[PDB]
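Read the structure below first, then the notes.
4 protein chains.
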Amino acid sequence: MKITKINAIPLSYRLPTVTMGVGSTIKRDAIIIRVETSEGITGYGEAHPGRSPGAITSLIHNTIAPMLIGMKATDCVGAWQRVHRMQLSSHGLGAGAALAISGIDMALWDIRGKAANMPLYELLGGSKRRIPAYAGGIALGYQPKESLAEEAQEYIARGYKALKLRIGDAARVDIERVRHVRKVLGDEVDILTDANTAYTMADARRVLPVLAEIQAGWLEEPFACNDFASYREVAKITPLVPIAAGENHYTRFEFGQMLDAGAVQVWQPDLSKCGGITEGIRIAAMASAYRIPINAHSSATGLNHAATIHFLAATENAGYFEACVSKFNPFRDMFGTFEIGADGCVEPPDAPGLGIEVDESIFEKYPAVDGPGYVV
Amino acid sequence: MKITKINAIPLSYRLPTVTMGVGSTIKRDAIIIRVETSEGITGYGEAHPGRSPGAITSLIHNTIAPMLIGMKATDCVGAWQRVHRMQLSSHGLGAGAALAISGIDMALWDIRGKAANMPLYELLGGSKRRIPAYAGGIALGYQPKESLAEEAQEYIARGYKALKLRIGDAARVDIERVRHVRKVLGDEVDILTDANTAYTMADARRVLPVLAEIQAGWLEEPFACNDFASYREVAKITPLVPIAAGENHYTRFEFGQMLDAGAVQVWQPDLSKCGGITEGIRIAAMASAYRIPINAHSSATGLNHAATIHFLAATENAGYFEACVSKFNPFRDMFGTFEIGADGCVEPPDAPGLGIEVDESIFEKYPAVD
Amino acid sequence: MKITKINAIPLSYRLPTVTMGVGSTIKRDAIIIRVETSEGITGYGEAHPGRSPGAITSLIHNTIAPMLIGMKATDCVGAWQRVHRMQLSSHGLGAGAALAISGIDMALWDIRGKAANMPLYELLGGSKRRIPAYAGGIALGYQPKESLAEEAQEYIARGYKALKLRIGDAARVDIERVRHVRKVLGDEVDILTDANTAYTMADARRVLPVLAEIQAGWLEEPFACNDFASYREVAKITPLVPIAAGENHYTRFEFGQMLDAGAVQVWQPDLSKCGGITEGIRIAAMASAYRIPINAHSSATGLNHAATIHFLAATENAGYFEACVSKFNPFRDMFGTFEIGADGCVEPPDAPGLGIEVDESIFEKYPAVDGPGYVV
Amino acid sequence: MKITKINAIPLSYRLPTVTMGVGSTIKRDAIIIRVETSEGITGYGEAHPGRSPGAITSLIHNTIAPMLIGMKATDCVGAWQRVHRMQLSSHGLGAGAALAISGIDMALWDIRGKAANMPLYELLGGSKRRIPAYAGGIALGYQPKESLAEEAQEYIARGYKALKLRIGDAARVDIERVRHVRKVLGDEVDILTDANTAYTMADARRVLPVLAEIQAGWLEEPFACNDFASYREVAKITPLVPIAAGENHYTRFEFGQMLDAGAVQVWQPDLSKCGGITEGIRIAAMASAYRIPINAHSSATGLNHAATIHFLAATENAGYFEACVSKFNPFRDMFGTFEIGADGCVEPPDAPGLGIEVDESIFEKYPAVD
Ligand SMILES: [Mg+2]
Ligand SMILES: [Mg+2]
Ligand SMILES: [Mg+2]
Ligand SMILES: [Mg+2]
């Protein structure tokens, strides 16, 4: 079974807005990858658009796809190694190639599930199990504290035992917001926080004590992805709340650097970013030996959501699934929906591969838009 | 003076080969950045193609240019900041965005020198001085040791006091090559080595002692850019030959990470890769306090070469300039040749900005190939 | 364009007093540097008097000026390197030479701005932007806590969102003072503290908890500039308030030593002390990679105030400008004033060089006085 | 007994040259400090000029003397403290103030020995003993290797068992010099080396192994005084030859910083630079617990030489005395010659205080030059 065609299909959706630390969201983009085989089996993956989806599309169509055509379709380790030496190790696009191979790998695993007649959790050695979820996605953004509390109440009513508050616009206001949410929900809900790379160190030494006071589960991404000196300096503030990162981190080599720095104790690789399922396993296994929980970051599509839940089912040190709960996200319920149970958990689809049926006539409903996706 | 237009112009050339540690070269690519201003002054830069020139071009035109139109063209610090917060810090393309800003930033400093009526060395605070150079680029590749020695002798005859040997294919064959060159050039030539990310650790503990024996200037890029664990292990082998890295390292935050690892003691940023001249200064200033020499890596075009020499003339802790000496390279001589003197040195051009005049009719001679 | 003449002009002013950790201020001194070029352009800088202004004057006129006459006037990097090898590296005056070259460098950059027809922020690559300021200078010294509160209220009325309280006479009294100021101003004002090298370690372990309680922005200079073991030992007290230093620190080499000690996380180089603008950039860039904010220390004259604001406009990791607010400081408003806005910010002058016009007939109004400047 | 007058007397001498790592010597300068008391006893010291003798003189007369007039002349600890809090700790001149207090402090100990009717070694708690010496000062500079060897042989014939070779101009030429001296003197002479802050790291990893090969006593000052990062890197090269530093290091707080860096294992304070005899004791006492030898650096005048020998006789962990052996140096023999014996050693004078009589009519013979 050889690889015949690899195609990157860029999709986008314009909405009539939720403010985070990265700015204000005006447009949602997604890149869906199709890999065709010699024996007729077709696999589907999702690559992250990287705030410039035309570039990842081009990178696949011009460089990465030709180096993988003709390869055996189950050899995703060998497929990953070609991208590693031609792009990741030297003179390449670095992080952009990781995004590109992430979707391809994901599609190759979908082929591998279909060829073995196994769902992905079974292919990886796990079982169909209940995986805890929190209300995340592009929701719970910057708004008055009482309105933010009401949105949080809506999610517990929907069965969530955990939620992720978006912080990082000003220390004072999100101290005020974070305190009010604990006040109205009680101390039974795992309140998680995400600063989305927007805090300084001065902000952190003000916010971290109140996070320990409200007993938050983690502080996610307080600084820039490459801000190494700030990441080691926050660890010194409080041991009662761990630092979380991984969304903007690529390959096991970047995660290995944050392993022996020892500051970030909660890892969140996005399978549409980090290098795919193959690299996801490698990252999680390193974390496993050091007892670090994997709370995977989720991308836009229900394809990535399928791959993530399958991955967490077979990953021993899996923590949370990040569930998108925003009302204006069509990529989530694009084909065959995940659904949260009353136990606060989620389940992988019981069908070969990723267990998602892809009708290609939905791509026409969400065409490519060349504009920017963010407002700061 | 505001920014009006930013365009990325892809150029490529097919050669009818020199093998290094990354592979075999069949086609050279380059991306030239044109920045137009509201007062008629036009800047030029080089962005590294990153093995996919169509992707960086797409990234510039769709994303990085729209966020920079309307900015004051002298504000390169602010221009770098917008790219830092929109692309480099969060959900962007990471390393690819750094290549894209590198050329734009270089073109911004070109505008700024012309508007100030100063050459770039003068703009950066330096003076026109002789900068030592080594014979490098896509030259001195894998070949028999006596043929490699004949190529080496030709560069000393042209004036060079230093050269860079390509190692990394097989441990035995490049120990054999490296020892032979020392005997035929004597111990007066600074012999530098580049492994082009092709060594393992098992190779390194076999090769490093002979590099000490021949008193090599540095071992450049023995491992992949993100291979942190190997880089810290090779520093334990010998203190007599330092490790060099920088080509595949982007922003001062990645260089900052290898500062406190302490393993790499020779920093080699590429101004067409690391973030431009702006980030080049910041990387070099950090190295300056730690007495780490900046031996900048050179890209394809004579634009990048001009910018690098201008940079090193004003940079306090500057080491060598990497001189491209392969003669199947039209990008170097594309618009008015650097020239190596009998002192083995090189001079910055004494004209406003980068000191290079760009005729756009030459772009048609080298069309873009996928 | 060559250098023709370098002249150090010592100035002083006697006042009919504000008490700090360095003692009681009775006389203010300043050294203004004039550099003349071959092409008629004249630049102006400020060197710190170093508590013995006759010595810096002598050092310039006898040693440093002759080694720089004939040099190209835009080659300030090369000018700095000559002073580095002849004075800073070996057998020299060390810190005194740094003060001397600071003013000369500053004057050379003023020439460079005028020759390029650019203001200094534009020459360094920045833009005209709003830079936050705090009430500093020789103000808010030792006095009864209620009178100290009234002086603080006057500055917020003048638009300051931040201020620097002078501490360090006794632990008990400035704990009492610091608590009262937070009480009357609310927790919206960034209260900064400066001990002016006067604390012991025993004082620090008493004062630092109350500073964390009142959430102070930093503790500036608790010990002697060379007191390395005390600087690393205070870092162990509280992570909620960082230690600040740099006023009495010279060259990037002394700042590099405090970088890898890792204790001081807020850097304050004085451009009239550290080695000038050239060295200022080098110090700030090292801090930039490690995400350390530069909150530059200000000297006496409006020349240094111009150079500082220009420097902070083009410095990416710039924090605060230290604004002198003392009523008896004529050096500040000596020629063409800075003015604080309602946003709590300050702006660089929009004119070539430092943007300050120097009338030399004001030097006669402030002649040199040979006496001491401090009382302890 | 109070302090009445403190005066700084600048002296200089033009020579019609010996090249070291800092440059070429054309004129030697010295500053002599006279401290008068209310009971008629007068002390003398030497302050280092710091390449600008007019500045230190100005600093003493305008600032440091006014803060010390009226103090009890035996209270040198309190005298050092006033200078510490007024000049060294905060907004002062830093390193220059340390040079200024060094001579005053030395003159204070001169008064104190005379008032106690004890020589300084006895005042410090030691006894008159033979102290090993090496041939140094502005001697054994850059010259052909055989001419350098002839100068070396002359010092062994005079009695010396140790000498200090000036290296640092070029790595090749001083490897050549250092090897030649070992062969012509044998392995019985302690060969010490001084680079005078002129090496890079690339030079060091080429030179250090040959210094190990020739079994050199130490490598003195390879880098600038504040070049912290290089000093920690050279300790990694070879454990067989230690690094020496101290000439350009002031107060026990800078020596304390190089204690916990662990890189420099031979400390060389200058009593005319580091803070005087008072600070000299404190620097040496810290070194004593860590078993670091104190091989003090010598200044210009025979006053400083007298103070140094007195100091080392009473100092537990004293190593070598630096003997100035250049014969174009009148400051050494200015008022009654030290003398080297056949044991290669040197003795402190057996007279109250520093044991030197100062005739002020000799000051006219060496007037001050700008
Ligand atoms: Mg996130
Ligand atoms: Mg290379
Ligand atoms: Mg202060
Ligand atoms: Mg010496």
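Residue numbers (the deposited numbering), protein chains in the order written: chain B, 37 to 52, 56 to 376, 378 to 416; chain A, 37 to 52, 56 to 376, 378 to 410; chain B', 37 to 52, 56 to 376, 378 to 416; chain A', 37 to 52, 56 to 376, 378 to 410. A prime marks a further copy of an entry chain.
C-beta atoms are modelled at their ideal positions from N, C-alpha and C, and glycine is treated no differently.
For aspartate 233 of chain A', the enclosing beta strand (DSSP E) has its first and last residue at 229 to 233. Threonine 64 of chain A' sits in coil when the DSSP states are folded into three classes, being neither helix nor strand. Taking the Cβ of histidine 336 of chain A' as the reference point, at least one heavy atom of ligand 4 falls within a distance shorter than 7 Å. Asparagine 235 of chain B has its Cβ nearer than 7 Å to a heavy atom of ligand 1. Remark: C-beta atoms of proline 46 of chain B and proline 92 of chain B approach each other more closely than 8 Å.
Secondary structure of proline 261 of chain A (DSSP, three-state): coil. Membership of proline 248 of chain A' in the alpha helix (DSSP H) is indicated by the continuous run 240 to 252. According to DSSP, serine 337 of chain B shares a beta bridge with no other residue.
The C-beta distance from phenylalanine 370 of chain A to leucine 310 of chain A rounds to 15 Å, too long to meet the 8 Å contact threshold. The stretch 268 to 278 of chain A and the stretch 112 to 122 of chain B do not touch, with fewer than 3 CB-CB distances between them shorter than 8 Å. Distance from the CA atom of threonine 317 of chain A to the CA atom of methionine 297 of chain A, rounded to whole angstroms, is 19 Å.
Distance from the CA atom of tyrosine 194 of chain A' to the CA atom of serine 338 of chain A', rounded to whole angstroms, is 20 Å.
Contact between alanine 201 of chain B and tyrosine 173 of chain B holds, with the beta-carbon distance rounding to 4 Å and staying under 8 Å.
In this structure, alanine 328 of chain A sits away from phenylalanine 267 of chain B', with a CB-CB distance that is not shorter than 8 Å. For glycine 319 of chain B, no Cβ of chain A is located within less than 8 Å of the residue's own Cβ. Its chain contains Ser337, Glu361, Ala362, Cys363, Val364, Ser365, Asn368 and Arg371 as the residues whose beta carbon lies nearer than 8 Å to that of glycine 176 of chain B', once the 5 sequence neighbours on both sides are disregarded; these appear in chain order. For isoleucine 276 of chain B, the chain B' residues whose C-beta falls within less than 8 Å of its own C-beta are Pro278 and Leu279, listed in chain order.
For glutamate 260 of chain B', the distance from the CB to the nearest heavy atom of ligand 3 is below 7 Å. For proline 105 of chain A', the chain B' residues whose Cβ falls inside 7 Å of its Cβ are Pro412, in order along the chain.
In terms of side-chain proximity, the C-beta atom of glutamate 286 of chain B' is found nearer than 7 Å to a non-hydrogen atom of ligand 3.
The secondary-structure analysis by DSSP pairs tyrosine 49 of chain A across a beta bridge with A:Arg67. When the Cα atoms are used, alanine 69 of chain B and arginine 216 of chain B' turn out to be separated by approximately 57 Å.
Residue burial is scored here from C-beta neighbours: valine 398 of chain A' has at least 16 other C-beta atoms within 10 angstroms and is therefore classed as buried. In the DSSP assignment, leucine 162 of chain B falls within the unbroken alpha helix (DSSP H) covering 159 to 162. The beta carbon of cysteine 363 of chain A sits no closer than 8 Å to any beta carbon of chain B. For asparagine 343 of chain A', no Cβ of chain B' is located within less than 8 Å of the residue's own Cβ. A Cβ of chain B' is located within less than 8 Å of the beta carbon of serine 128 of chain A'. According to the DSSP assignment, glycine 207 of chain A' belongs to no alpha helix (DSSP H), since it is labelled neither H nor E. A straight line joining the alpha-carbon of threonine 96 of chain B with that of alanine 44 of chain B spans about 6 Å. Excluding the 5 residues flanking it on each side, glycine 285 of chain B has same chain C-beta neighbours closer than 6 Å at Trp306, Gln307 and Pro308, in chain order.
Per the Cβ contact rule, the stretch 67 to 87 of chain A is in contact with the stretch 140 to 160 of chain A (3 or more Cβ pairs under 8 Å). In this chain, the beta strand (DSSP E) harbouring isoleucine 170 of chain B' covers 170 to 175. Around the beta-carbon of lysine 312 of chain B', 16 or more other beta-carbon atoms lie within 10 Å, marking it buried. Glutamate 397 of chain B carries a coil assignment under DSSP once its states are collapsed to helix, strand and coil.
In the DSSP secondary-structure assignment, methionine 59 of chain B' is bridged to B':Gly62. Think of a sphere of 8 Å around the beta carbon of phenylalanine 292 of chain A: the chain B' residues whose beta carbon falls inside it are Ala328, in chain order.
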